[PDB]
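K.L.:
As you go down the protein sequences, you meet chains S and B in turn.
Residue numbers for the first sequence follow my numbering, beginning at 107 and rising by one.
Residue numbers for the second sequence follow my numbering, beginning at -16 and rising by one.
For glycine and all other residues, C-beta sits at the position ideal for the given N, C-alpha and C.
Structure below; questions to follow.
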Amino acid sequence: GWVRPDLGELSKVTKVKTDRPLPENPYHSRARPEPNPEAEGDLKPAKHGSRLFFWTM
Amino acid sequence: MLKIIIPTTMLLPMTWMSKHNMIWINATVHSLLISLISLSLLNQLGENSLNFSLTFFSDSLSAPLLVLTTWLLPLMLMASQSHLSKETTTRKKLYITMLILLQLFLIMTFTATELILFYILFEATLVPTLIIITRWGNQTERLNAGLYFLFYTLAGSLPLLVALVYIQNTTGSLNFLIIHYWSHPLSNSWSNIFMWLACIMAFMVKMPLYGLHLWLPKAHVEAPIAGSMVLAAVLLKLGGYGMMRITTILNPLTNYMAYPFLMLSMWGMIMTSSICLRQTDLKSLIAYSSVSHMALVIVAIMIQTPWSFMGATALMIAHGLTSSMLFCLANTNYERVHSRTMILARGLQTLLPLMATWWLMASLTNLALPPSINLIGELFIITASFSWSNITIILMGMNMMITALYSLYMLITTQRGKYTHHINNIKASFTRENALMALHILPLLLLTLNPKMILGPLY
Ligand SMILES: CCCCCCCCCCCCCCCCCC(=O)O[C@@H](COC(=O)CCCCCCCCCCCCCCC)COP(=O)(O)OC[C@H](O)CO
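Structure representation (C-alpha cells):
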C-alpha cells in the first residue's frame, strides 16, 4: 500500500522532529576578541587651532 | 607688529598703480614714512621683550635692526634711479617691487616669534635678491655669482631645517620665549655636536666666516648698487640675529665646540683684511672689509659674554650703515668712470671736493675711530675677548692695525693724488648722490649720542 511520490515532493524541505539538543558551538569557536572602545562625547573645537608650527588658528 | 607690515605691503600696490614717472617719488615718500613708524617701535622696556602676539614680537635686539631696514628702504630707491632711468616702466616697477618685497620679509623675520616662522622667511629673502643680482646686475659673471650666493646659504640652511623640526618633535614648541624659559643643558653626546653643527652652520654661511665666504666677493661686486647695500647692510646680519636667538639651547656645548670657529674667525680677519690691503677692485675691497668686520662679530657672538653681545649689536648696525655708504661711494664713482679698478680714477678730491669729504668720514667710520659706533663695537668686543683669553688682543689689535692701512689706502689712491689726465667725463656730483651720502653718515653720528638704543637686550 505505498504511493509514488509526486514531482517536487521529494525536494520539499521537511521539518524533522528530534530529541538531541542543538550544538552550542558547532565550529568549536573560541572566545572573541573584545572590540576597541567606540568614540563618545560631543565634539569640541580643536585646542589652540591647528597647532602646526606658527599657525595660530 | 602690524603697524609696520601692512604699510609696507600696501606700499606695493601704490608703486604698481602710481603714475608713469612718479614711482620714485611716492615710493620714497612712504618708505621714509615707514621708517618714522618703525622708529616708534624702537622703544623697549626693561627686561621683557615688546611682545605683540603669537606671530610677532620685538626685543631690544630686533628693534634696532628693524628701524635700520626700514631706514634703508628709501636709500636703494635713491641710489638706483640713475642706472634704471632708461628702462621700461614695468621693469622699473618690478625693480621697486623686488626691494619692498625683500624689505617686507626683513620686518617679518626680525619680528618672528617662532624659530620656524623665523626660518621660513630666513631663506625667503633669497628669492628677491637672486632676481636683483641676476636680472639687473651689470656684469657677466653675475650668473655664476648668483649661483654661488644661492647654493652656499641653502647648503647651510637645509641642515637647520632638519635640526629645527627635530627640536619641535623633542621639546614641543619653538617659540622664542618658550625655548628661553625651558632651556636644558645640551649634553656632550656625539649626536649633540651634529645637533650643534646644524643649528649653527646655517647662520655661519650668511655671515661670511673664513672659508665659507667666497660668495660675498662674487655677491657684492656683480650685484647692482641696491643689491649690494641690502646684501651687505642687512643680509649678512640675519645670521647674526639667528645666533643671538638660537644659542639659547646650545650651551654648554658652545663652550667646547666654539674653538674651530673662533680660530677660523680670528685668523680669518687678519687674512681677509690683508686681502683688502691689495685689492684691485674697489667694490671687492669694500666687500672683503665686510668679511673682516663680520668675522669679528663671529668671535663676539660665540664667546657668549654679556659684553660680547653688546659690542656685537654695536658692530651689528654700525658696520651695516658704513658698508652701505662705502658701496654708495664706489657706485657714485663707477658710472662716471665705467670701471671698477681703483687706480682708474685717481685724484678725485681735486675734481669733486665734497665727495672727498663724504669718502673721508666714511673711511674714518670704518676705521673704528672713537666715538663712532664702530669703535664702541670693536672696543667692547676686545674687552670681552680679552677676558676670555689674554692672547687674543694680539690678533684683535692687529686687525685694527691692518684695518687702518687698507681703509686710507682707498682714500689716497682714489681721492688724494694726481687727477687722471685722460678722463674728461667727470661731471660735478649730482646733489642726489650728495643727499644720499649725508642720509647715511648723519644718523651714524646721531647714534653716537645714544648707544643705549642699539646696545641690545643684554643692555
Ligand atoms: C654640505 C654639507 C653640510 C654642510 C655643513 C652643515 C652642518 C654639518 C652637520 C650637518 C648635520 C645634518 C643632520 C643634523 C640634523 C639634526 C641633528 C639633531 O637634531 O641631532 C640628532 C643627531 O643625530 C644624527 O644622527 C644626526 C645626523 C648626524 C650626521 C650624519 C648625517 C648628516 C651628514 C651627511 C648628510 C649631509 C652632508 C652632505 C651630503 C651630500 C639627534 O638625534 P640622536 O641621534 O641623538 O637620536 C636619538 C638616538 O641617539 C638615535 O637617533
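#1: Between residue 271(B) and residue 435(B), what straight-line distance do the alpha-carbon atoms span, to the nearest angstrom?
#2: Is residue 149(B) near ligand 1, with its Cβ less than 7 Å from a heavy atom?
#3: Enumerate in chain order the residues of its own chain whose CB-to-CB distance from residue 84(B) is below 6 Å, with the five nearest sequence positions on each side excluded.
#4: Considering Cα atoms alone, identify which of 282(B), 181(B), 18(B), 1(B) is closest to residue 87(B).
#5: In the DSSP output, what is residue 324(B) paired with across the bridge?
#6: Tell me whether residue 117(S) sits in a helix, a strand or coil according to DSSP, three-state version.
#7: If we count the other Cβ atoms within 10 Å of its Cβ and call it buried at 16 or more, is residue 173(B) buried or exposed?
#8: Residue 193(B): buried (16+ other C-beta within 10 angstroms of its C-beta) or exposed?
#9: Go through its chain and collect everything with a Cβ distance to residue 166(B)'s Cβ below 6 Å, but skip five positions before and after it.
#10: Which residue or residues does DSSP assign as beta-bridge partners of residue 279(B)?
#11: Any chance the CB of residue 240(B) is under 7 Å from a heavy atom of ligand 1?
#12: What's the gap between the Cα of residue 256(B) and the Cα of residue 280(B)?
#13: Checking contacts by CB at 8 Å: is residue 70(B) closer than that to chain A?
#14: Cβ of residue 278(B) within 8 Å of Cβ of residue 294(B)?
#15: Who sits around ligand 1, taking every residue whose Cβ is closer than 7 Å to one of its heavy atoms?
#16: Entirely within the region 29 to 114 of chain B and at least 4 residues each: give me those alpha helix (DSSP H) ranges in chain order.
#17: Within 8 Å (strictly less), CB to CB, does residue 162(B) reach chain S?
#18: Go through its chain and collect everything with a Cβ distance to residue 144(B)'s Cβ below 8 Å, but skip five positions before and after it.
#19: Would residue 106(B) count as contacting chain S if we go by Cβ distances under 8 Å?
#20: Hey, residue 227(B) and residue 44(B): beta-carbon distance below 8 Å or not?
#21: So is residue 125(B) buried or exposed if we call it buried at 16+ other beta carbons inside 10 Å?
#22: Using a Cβ-Cβ distance cut-off of 8 Å, determine whether residue 37(B) contacts chain S.
#23: Give the straight-line distance between the Cα atoms of residue 202(B) and residue 116(B), rounded to the nearest whole angstrom.
#24: Hey, quick one: how far does the alpha helix (DSSP H) through residue 22(B) stretch, first residue to last?
#25: Listing by chain order, which chain S residues have their CB less than 8 Å from the CB of residue 99(B)?
#26: At what residues does the alpha helix (DSSP H) containing residue 154(B) begin and finish?
#27: If you draw a straight line from the C-alpha of residue 26(B) to the C-alpha of residue 401(B), how long is it?
#28: Below 8 Å, can you find three or more Cβ-Cβ pairs linking the region 322 to 341 of chain B to the region 244 to 253 of chain B?
#29: Would a C-beta distance cut-off of 8 Å place residue 237(B) and residue 287(B) closer than the cut-off?
#30: Quick one: Cα of residue 134(B) to Cα of residue 422(B), how far?
P.N.:
The answer reads as follows:
#1: Here residue 271(B) refers to the residue found at position 288 of the second sequence. Here residue 435(B) refers to the residue found at position 452 of the second sequence. Whole-angstrom Cα-Cα distance: 29 Å.
#2: The residue you call residue 149(B) lines up with position 166 of the second sequence. Yes, since a heavy atom of ligand 1 falls inside the 7 Å radius drawn around the Cβ of residue 149(B).
#3: Sequence index remark: in the second sequence, residue 84(B) carries index 101 (1-based). Same-chain partners within the cutoff: 111.
#4: In the second sequence, residue 87(B) corresponds to position 104, counting from 1. That would be 18(B), whose Cα lies nearest to the Cα of residue 87(B).
#5: Counting from one through the second sequence, the residue named residue 324(B) turns up at place 341. BP columns for residue 324(B) point to 264(B).
#6: Reading the first sequence from its first residue, position 11 is the one you call residue 117(S). Here residue 117(S) sits in coil by DSSP.
#7: Taking the second sequence and counting its residues from 1, one reaches residue 173(B) at position 190. It is exposed - the Cβ of residue 173(B) has fewer than 16 other Cβ atoms within 10 Å.
#8: By one-based count along the second sequence, residue 193(B) stands at place 210. Buried is the call here.
#9: Within the second sequence, residue 166(B) is the residue found at index 183, counting from 1. Closer than 6 Å at the Cβ level, and outside the excluded window around residue 166(B), lie 231, 232.
#10: Here the question's residue 279(B) lines up with position 296 in the second sequence. Answer is none; residue 279(B) lacks a bridge partner.
#11: What you label residue 240(B) is simply residue 257 of the second sequence in a count that begins at 1. Outside the cutoff, so no.
#12: Within the second sequence, numbered from 1, the residue matching residue 256(B) stands at position 273. Within the second sequence, numbered from 1, the residue matching residue 280(B) stands at position 297. Distance between the alpha carbons of residue 256(B) and residue 280(B): 15 Å.
#13: Considering every chain present, this structure includes no chain A. Its protein chains are S and B.
#14: For this step, residue 278(B) is matched to residue 295 along the second sequence. For this step, residue 294(B) is matched to residue 311 along the second sequence. Cβ distance not < 8 Å, so residue 278(B) and residue 294(B) don't count as in contact.
#15: 138(B), 139(B), 142(B), 145(B), 146(B), 149(B), 172(B), 174(B), 175(B), 177(B), 178(B), 180(B), 181(B), 184(B)
#16: 45 to 63, 72 to 94, 98 to 107
#17: Walking along the second sequence from the start, residue 162(B) turns up at place 179. Chain S, which has no Cβ nearer than 8 Å to the Cβ of residue 162(B), makes this no.
#18: On the second sequence, residue 144(B) is found 161 positions in, with the first residue counted as 1. So the list reads 102, once near-sequence residues are dropped.
#19: Residue 106(B) sits at position 123 when you count from the first residue of the second sequence. No - not a single Cβ of chain S is within 8 Å of the one on residue 106(B).
#20: Sequence index remark: in the second sequence, residue 227(B) carries index 244 (1-based). Sequence index remark: in the second sequence, residue 44(B) carries index 61 (1-based). The answer is yes: Cβ separation under 8 Å.
#21: As a first step, residue 125(B) is located in the second sequence; it is residue number 142 there, counting from the start. By the neighbour-count rule (16 or more Cβ atoms within 10 Å), residue 125(B) is buried.
#22: Taking the first residue of the second sequence as position 1, residue 37(B) is located at position 54. Interface residue, yes.
#23: Within the second sequence, numbered from 1, the residue matching residue 202(B) stands at position 219. Within the second sequence, numbered from 1, the residue matching residue 116(B) stands at position 133. Cα to Cα, the separation comes out at about 8 Å.
#24: The residue you call residue 22(B) lines up with position 39 of the second sequence. Note, residue 22(B): alpha helix (DSSP H), 6 to 23.
#25: The residue labelled residue 99(B) in the question sits at position 116 within the second sequence. Under the 8 Å cutoff, chain S gives 159, 160.
#26: Mapped onto the second sequence, residue 154(B) falls at position 171. That run of the alpha helix (DSSP H) goes 125 to 154.
#27: Within the second sequence, the letter at position 43 stands for residue 26(B). Within the second sequence, the letter at position 418 stands for residue 401(B). Near 49 Å, if we compare the C-alpha coordinates of residue 401(B) and residue 26(B).
#28: no
#29: As a working note, residue 237(B) is residue 254 in the second sequence. As a working note, residue 287(B) is residue 304 in the second sequence. Taking 8 Å as the Cβ cut-off, residue 237(B) and residue 287(B) qualify as a contacting pair.
#30: Position 151 of the second sequence, counted from the start, is the residue given in the question as residue 134(B). Position 439 of the second sequence, counted from the start, is the residue given in the question as residue 422(B). Rounded to whole angstroms, residue 134(B) to residue 422(B) spans 34 Å at the Cα level.
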